[PDB]
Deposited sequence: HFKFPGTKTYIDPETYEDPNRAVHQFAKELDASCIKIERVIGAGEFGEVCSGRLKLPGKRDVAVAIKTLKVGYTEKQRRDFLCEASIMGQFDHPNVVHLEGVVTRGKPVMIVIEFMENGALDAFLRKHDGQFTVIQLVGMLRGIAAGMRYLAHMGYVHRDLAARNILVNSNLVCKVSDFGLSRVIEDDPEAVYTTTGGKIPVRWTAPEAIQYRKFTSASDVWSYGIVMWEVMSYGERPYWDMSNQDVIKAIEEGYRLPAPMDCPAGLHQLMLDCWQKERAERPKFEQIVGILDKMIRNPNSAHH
């Protein structure tokens, strides 16, 4: 049930089907918490009726946007709006005409997974981290059994809340060291390549937010893979959990796990944490 915006007529149209338009006057912009492609990400609340004020993130499309920019930006809200799942970021709504243009998404107190882990370095148990991976897998299993291919899955694109519940995000707009080989070279983006990218995420998470392949040039990454280079089990990373990364990083995509399977393999691991070795 993933209807693609870009087979639709255009946002406006895509957005109005899939995003609720919110009154600007119920959106309190409290604080800048990033620069985004289009303007500043902020933090704040939204005033829903018969429900205590909800904390939210507010992506802003900066004033003086071309009619081009505006639609590329609201593409995100047309994709996001179609997904219900504990492990995909909830849209609250959007602002498209009349007021400053916004996508109100649910507040994720701990921010992006990659900046979050860098700050909390060594501070989480393998079981805890295996859990953060499970949520990202559950969300990706959903996004898959729904027709959607992410193309840009990374830990910098997973948001953590204040329960360590990780959530797939950044859904626009319809890379090298994240992107599978058959995708880099032949633009063949598929749930298969989203499993190559989940592997890197698994590596990011278990290394507490390192840069994949360190200071290696995008070209050095491409050669290395082509030869058979794969990243190593980071410190304290169990061999089994490291092998799930190798299965994800398999040249021929048909051989890669399914997110259905990644969810179970990780579920065994949490339960009995030794398997992570055996």
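- Residues 1-8, 183-200 of the deposited sequence, counted from 1, carry no C-alpha coordinates in the model.
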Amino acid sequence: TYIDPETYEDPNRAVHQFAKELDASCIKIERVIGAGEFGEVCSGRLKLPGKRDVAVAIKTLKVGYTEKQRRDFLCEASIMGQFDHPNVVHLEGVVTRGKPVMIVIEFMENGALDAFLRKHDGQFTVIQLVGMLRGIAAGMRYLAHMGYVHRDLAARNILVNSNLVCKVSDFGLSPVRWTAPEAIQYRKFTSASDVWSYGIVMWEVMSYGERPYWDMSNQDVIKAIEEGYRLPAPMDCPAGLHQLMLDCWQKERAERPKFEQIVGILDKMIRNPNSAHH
From here on, numbers count along this sequence of modelled residues.
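- Two stretches are in play, 208-216 and 61-69, and the higher mean C-alpha B-factor belongs to 61-69.
- Comparing 9-17 with 250-258, the stretch with the higher mean C-alpha B-factor in the PDB entry is 9-17.
- When all modelled residues of the chain are sorted by CA temperature factor, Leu173 is found within the highest third.
- The entry lists a Cα temperature factor for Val32 that places it in the highest third of the chain's modelled residues.
- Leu74: CA B factor lies in the highest third for its chain, per the PDB record.
- Looking at the C-alpha B-factors along this chain, the one for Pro234 belongs to the lowest third.
- Annotation for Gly240: C-alpha temperature factor in the lowest third relative to the rest of the modelled chain, per the entry.
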